[PDB]
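S.K.: The structure follows.
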Protein chains: 2
Amino acid sequence: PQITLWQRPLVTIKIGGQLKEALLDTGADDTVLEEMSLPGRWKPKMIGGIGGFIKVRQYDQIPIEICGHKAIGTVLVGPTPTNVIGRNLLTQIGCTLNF
Amino acid sequence: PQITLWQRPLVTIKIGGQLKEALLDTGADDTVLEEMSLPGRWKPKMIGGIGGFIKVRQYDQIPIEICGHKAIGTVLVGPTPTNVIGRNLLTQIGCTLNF
Ligand SMILES: COC(=O)N[C@H](C(=O)NN(CCC[C@@]1(Cc2ccccc2)C(=O)N([C@H]2c3ccccc3C[C@H]2O)C[C@H]1O)Cc1ccc(-c2ccncc2)cc1)C(C)(C)C
């Protein structure tokens with residue numbers, strides 16, 4: 001579908017069998033999610049945002065649906081006011097910018 | 001044209017008689033640029049991104065040339081580690097997300 005930007009591009013995602021609201025963010029290299037439970041082991045990562053750096057838990061090869069589109073990739077769990085879907089997953093669903 | 005997201009969507013804009021590189025960011029409500037001078041009135045505010053909040057100066061009705069388009073919008077000026085073009089300006093050039 002085509003999503004205009006007059007409002008925040010919030011969509012529904014599904015991860016771990018649960019539905020959550022997330023923001024499609026072309027300015028993010030990675031996908032950052034609010035605290036939640038994920039399987040397996042995690043690795044450390046330090047990411048930088050507009051306000052500074054934060055530590056997150058990196059989980060790999062995690063199944064996740066975005067607007068009904070299936071993806072499997074890396075998700076980072078840490079302190080954020082909203083779930084952010086970055087380019088690592090936007091490319092998996094074939095998302096592009098157009099004008 | 002169509003912009004894929006395999007790489008960061010960087011563009012060159014013209015503002016205040018200056019040329020700056022900026023990231024097309026669908027997650028940003030408004031454009032945020034590193035310290036620079038802008039004419040007109042402004043009001044201070046705090047924006048909270050990943051890593052915490054930063055203080056910025058909000059300028060409205062600022063002329064900006066982007067992707068061959070002469071648009072007008074709001075610009076937040078402050079200590080951001082990266083320049084980003086937000087929805088406030090992206091809408092004016094008819095930019096949309098598609099997948
Ligand atoms: C390479 O790094 C990244 O891609 N980082 C991601 C990120 O923040 N990307 N920024 C781009 C994305 C910004 C949003 C992320 C967001 C955060 C919380 C809740 C919802 C959305 C951000 O900070 N936003 C805030 C914003 C902006 C304008 C006006 C108001 C407000 C309030 C917030 O919503 C919205 C997005 O634009 C650009 C950027 C690139 C490099 C460095 C860096 C580089 C090197 N050293 C230091 C900093 C700092 C910033 C992230 C999400 C993975 C942390």
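FYI, nothing fancy with the structure tokens labels: chains A, B, ... in order, residues from 1 per chain, ligands from 1 as they appear.
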Find the residues around residue 73 (chain A) up to 9 Å (only C-alpha atoms counted), leave out those fewer than 4 positions away in its own chain, and share them as an mmCIF file with N, CA, C and O atoms, in the first residue's frame.
M.R.:
data_model
loop_
_atom_site.group_PDB
_atom_site.id
_atom_site.type_symbol
_atom_site.label_atom_id
_atom_site.label_comp_id
_atom_site.auth_asym_id
_atom_site.auth_seq_id
_atom_site.Cartn_x
_atom_site.Cartn_y
_atom_site.Cartn_z
ATOM 1 N N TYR A 59 18.806 -9.451 19.324
ATOM 2 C CA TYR A 59 18.319 -10.793 19.030
ATOM 3 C C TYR A 59 18.321 -10.955 17.514
ATOM 4 O O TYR A 59 17.837 -10.086 16.792
ATOM 5 N N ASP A 60 18.860 -12.072 17.035
ATOM 6 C CA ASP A 60 18.936 -12.331 15.607
ATOM 7 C C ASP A 60 17.967 -13.394 15.114
ATOM 8 O O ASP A 60 17.498 -14.236 15.883
ATOM 9 N N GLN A 61 17.678 -13.337 13.815
ATOM 10 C CA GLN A 61 16.784 -14.284 13.145
ATOM 11 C C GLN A 61 15.444 -14.441 13.849
ATOM 12 O O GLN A 61 14.966 -15.556 14.055
ATOM 13 N N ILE A 62 14.842 -13.313 14.207
ATOM 14 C CA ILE A 62 13.554 -13.299 14.879
ATOM 15 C C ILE A 62 12.430 -13.072 13.869
ATOM 16 O O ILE A 62 12.466 -12.117 13.091
ATOM 17 N N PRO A 63 11.420 -13.953 13.859
ATOM 18 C CA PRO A 63 10.310 -13.788 12.924
ATOM 19 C C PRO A 63 9.474 -12.584 13.350
ATOM 20 O O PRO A 63 9.187 -12.403 14.536
ATOM 21 N N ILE A 64 9.088 -11.761 12.385
ATOM 22 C CA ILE A 64 8.281 -10.591 12.686
ATOM 23 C C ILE A 64 7.476 -10.186 11.459
ATOM 24 O O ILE A 64 8.001 -10.143 10.344
ATOM 25 N N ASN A 88 16.712 -2.334 8.180
ATOM 26 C CA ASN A 88 17.015 -3.759 8.091
ATOM 27 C C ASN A 88 15.746 -4.550 7.786
ATOM 28 O O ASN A 88 15.787 -5.554 7.068
ATOM 29 N N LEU A 89 14.618 -4.097 8.323
ATOM 30 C CA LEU A 89 13.347 -4.773 8.070
ATOM 31 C C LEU A 89 12.530 -4.125 6.959
ATOM 32 O O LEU A 89 11.757 -4.803 6.284
ATOM 33 N N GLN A 92 13.302 -5.796 3.836
ATOM 34 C CA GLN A 92 12.745 -7.144 3.719
ATOM 35 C C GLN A 92 11.301 -7.144 3.213
ATOM 36 O O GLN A 92 10.876 -8.095 2.557
#
S.K.: Got a sec to check which residues lie within 6 Å of ligand 1, using only C-alpha atoms and all ligand atoms, and send them as a list in words?
M.R.: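 Those within range of ligand 1 are residues 27, 28, 29, 30, 47, 48, 49, 50, 80, 81, 82 and 84 of chain A; 25, 27, 28, 29, 30, 32, 47, 48, 49, 50, 81 and 82 of chain B.
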S.K.: Could you work out which residues of chain B fall inside 12 Å of chain A? Count only C-alpha atoms, and format the result as a PyMOL selection string.
M.R.: chain B and resi 1-10+22-34+46-56+66-69+78-99
S.K.: Pick out the closest residue to residue 65 (chain B) from this set: B:19, B:36, B:77, B:13. Count only C-alpha atoms.
M.R.: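 Nearest candidate to residue 65 (chain B) out of B:19, B:36, B:77, B:13: B:13.
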S.K.: Which value, in Å to one decimal, gives the distance between CA of residue 41 (chain A) and CA of residue 16 (chain A)?
M.R.: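 Atom-to-atom, CA of residue 41 (chain A) and CA of residue 16 (chain A) are spaced 15.0 Å apart.
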S.K.: Report the residues of chain A whose backbone DSSP state falls under strand (DSSP E or B), written as an NGL selection string.
M.R.: :A and (2-3 or 10-15 or 18-24 or 32-33 or 43-49 or 52-66 or 69-77 or 83-85 or 96-98)
S.K.: Could you turn the residues from that selection into a file that holds C-alpha atoms, as an mmCIF file, in the first residue's frame?
M.R.:
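As written to disk, part.cif reads:
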data_model
loop_
_atom_site.group_PDB
_atom_site.id
_atom_site.type_symbol
_atom_site.label_atom_id
_atom_site.label_comp_id
_atom_site.auth_asym_id
_atom_site.auth_seq_id
_atom_site.Cartn_x
_atom_site.Cartn_y
_atom_site.Cartn_z
ATOM 1 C CA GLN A 2 0.908 3.688 -0.163
ATOM 2 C CA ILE A 3 1.382 5.584 3.085
ATOM 3 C CA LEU A 10 2.304 3.807 12.635
ATOM 4 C CA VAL A 11 1.498 0.242 11.665
ATOM 5 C CA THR A 12 0.681 -3.006 13.404
ATOM 6 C CA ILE A 13 3.429 -5.599 13.747
ATOM 7 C CA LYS A 14 3.335 -9.122 15.138
ATOM 8 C CA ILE A 15 6.214 -10.612 17.086
ATOM 9 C CA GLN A 18 1.520 -10.546 19.913
ATOM 10 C CA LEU A 19 0.274 -7.471 18.063
ATOM 11 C CA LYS A 20 2.094 -4.191 18.706
ATOM 12 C CA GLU A 21 2.163 -0.681 17.246
ATOM 13 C CA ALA A 22 5.396 0.385 15.545
ATOM 14 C CA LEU A 23 6.742 3.338 13.549
ATOM 15 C CA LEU A 24 8.173 2.916 10.028
ATOM 16 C CA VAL A 32 14.437 -0.971 18.238
ATOM 17 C CA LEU A 33 11.619 -2.422 20.356
ATOM 18 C CA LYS A 43 24.376 -10.099 22.118
ATOM 19 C CA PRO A 44 25.259 -6.560 23.235
ATOM 20 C CA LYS A 45 25.046 -3.472 21.058
ATOM 21 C CA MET A 46 25.440 0.234 21.658
ATOM 22 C CA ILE A 47 23.350 2.383 19.344
ATOM 23 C CA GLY A 48 23.286 6.125 18.876
ATOM 24 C CA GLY A 49 20.219 8.311 18.597
ATOM 25 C CA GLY A 52 22.821 10.000 22.893
ATOM 26 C CA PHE A 53 23.778 6.336 23.148
ATOM 27 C CA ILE A 54 21.932 3.441 24.764
ATOM 28 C CA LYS A 55 22.637 -0.221 25.442
ATOM 29 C CA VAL A 56 20.287 -2.765 23.900
ATOM 30 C CA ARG A 57 19.831 -6.516 23.671
ATOM 31 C CA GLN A 58 20.354 -7.774 20.114
ATOM 32 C CA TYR A 59 18.319 -10.793 19.030
ATOM 33 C CA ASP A 60 18.936 -12.331 15.607
ATOM 34 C CA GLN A 61 16.784 -14.284 13.145
ATOM 35 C CA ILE A 62 13.554 -13.299 14.879
ATOM 36 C CA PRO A 63 10.310 -13.788 12.924
ATOM 37 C CA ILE A 64 8.281 -10.591 12.686
ATOM 38 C CA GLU A 65 5.292 -9.494 10.613
ATOM 39 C CA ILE A 66 4.959 -5.868 9.514
ATOM 40 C CA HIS A 69 4.427 -8.859 5.471
ATOM 41 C CA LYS A 70 6.634 -11.634 6.851
ATOM 42 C CA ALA A 71 10.250 -10.944 7.782
ATOM 43 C CA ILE A 72 12.971 -12.665 9.797
ATOM 44 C CA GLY A 73 15.761 -10.549 11.173
ATOM 45 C CA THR A 74 17.537 -8.648 13.885
ATOM 46 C CA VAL A 75 15.647 -6.783 16.577
ATOM 47 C CA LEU A 76 17.106 -4.653 19.365
ATOM 48 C CA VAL A 77 15.339 -4.432 22.734
ATOM 49 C CA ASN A 83 8.764 0.603 18.655
ATOM 50 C CA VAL A 84 10.828 1.677 15.641
ATOM 51 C CA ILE A 85 11.065 -0.329 12.414
ATOM 52 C CA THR A 96 10.655 2.358 -0.624
ATOM 53 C CA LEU A 97 10.328 6.148 -0.616
ATOM 54 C CA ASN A 98 8.580 7.701 -3.610
#
S.K.: List every residue of chain A that DSSP, applied to the backbone of this structure, assigns to alpha helix (DSSP H), and report them as a list in words.
M.R.: residues 87, 88, 89 and 90 of chain A
S.K.: Could you please take those selected residues and save C-alpha atoms as an mmCIF file, in the first residue's frame?
M.R.:
data_model
loop_
_atom_site.group_PDB
_atom_site.id
_atom_site.type_symbol
_atom_site.label_atom_id
_atom_site.label_comp_id
_atom_site.auth_asym_id
_atom_site.auth_seq_id
_atom_site.Cartn_x
_atom_site.Cartn_y
_atom_site.Cartn_z
ATOM 1 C CA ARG A 87 15.850 -0.216 7.257
ATOM 2 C CA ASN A 88 17.015 -3.759 8.091
ATOM 3 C CA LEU A 89 13.347 -4.773 8.070
ATOM 4 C CA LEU A 90 11.933 -2.164 5.701
#
